[PDB]
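First, one chain by itself in structure tokens, the form deposited in one PDB entry.
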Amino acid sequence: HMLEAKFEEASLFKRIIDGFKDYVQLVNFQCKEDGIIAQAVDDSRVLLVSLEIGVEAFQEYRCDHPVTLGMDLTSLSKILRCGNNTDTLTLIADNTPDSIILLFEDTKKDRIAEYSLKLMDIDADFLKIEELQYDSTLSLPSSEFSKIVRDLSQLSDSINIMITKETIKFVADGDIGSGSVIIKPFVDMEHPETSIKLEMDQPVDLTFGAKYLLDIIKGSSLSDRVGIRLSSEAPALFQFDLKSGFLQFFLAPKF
């Protein structure tokens, strides 16, 4: 077995796939000695999803040679929904593979579910995320960010994120009515995951497609917190941190 990736948590690969599947259905997953990366972006080039899973996210990880797993995520998620979470999930691939193997094993129950998925040929042209500075860097609980997006999206196809000194303001205005949610940087010491953190180098007022924010918050299951980095000259970066790695959404604002 050239590739043998045993997830620490079976739910993790399932929750990772959730960040991708409803946006771009066919995604190339590249495996290397140092772990797994994946990117997805449609023709509009407006939203880019970028994953990185490091070795430490696995119980055992081994990848002899670089492998690209071209996967239809619709199929992959059906199969992944066959797992129990009380299951260990092992990805198994061989030299120049036609198929990926998913090996669900039940602890102490003597059950082995082995699934195989035929791989697809996908032209994944990669982009090294060119690293830049952001005008504002923000972080809040992911479930809080999610409720904000879900709500304002009831009112508009556009959601505005406005950063001024010590103020984060999410705004939407549509036909039925308007919505506004303002949050202030708090530092909770008893419970730091609930903290609201803000660093503003320059104020920003960016407007985003609500469909894309709705795509992004599909990553909320992956991390207690989402990091938002905003730019008046480049895409915003919405990131969910993994134990080893991240799911990044790069989103281009509107005019």
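Numbers follow the displayed sequence, beginning with 1.
When the C-alpha B-factors of 73 to 81 and 100 to 108 are averaged, 100 to 108 comes out higher. Legend: mean Cα B-factor per stretch from the PDB entry, 191 to 199 versus 220 to 228; the higher mean is in 191 to 199. As recorded in the PDB entry, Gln59 shows the highest C-alpha B-factor of the residues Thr207, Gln39, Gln59, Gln30. Within the selection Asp157, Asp151, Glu144, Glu130, the deposited Cα B-factor values reach their highest point at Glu130. For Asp215, the recorded CA B-factor ranks within the lowest third of the chain. Only modelled residues enter the ranking.
In the deposited entry, the Cα temperature factor of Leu140 places it in the lowest third of its chain's modelled residues. Annotation for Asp43: C-alpha temperature factor in the middle third relative to the rest of the modelled chain, per the entry. In the PDB entry, a CA B factor belonging to the highest third of its chain's modelled residues is recorded for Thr86. When the CA B factors of the chain's modelled residues are split into thirds, the value for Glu9 lands in the highest one.
Another form exists, solved in complex with a partner chain; not displayed. Remarks below refer to it.
Although the partner is absent here, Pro235 is a contact residue: one of its heavy atoms lies within 4.5 angstroms of the partner chain in the deposited complex. Residue contact check for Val204: none of its heavy atoms lie within 4.5 Å of the partner chain in the deposited complex.
In the deposited complex, no heavy atom of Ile217 sits within 4.5 Å of the partner chain. Although the partner is absent from this view, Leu47 contacts the partner chain in the deposited complex, with a non-hydrogen atom inside 4.5 angstroms.
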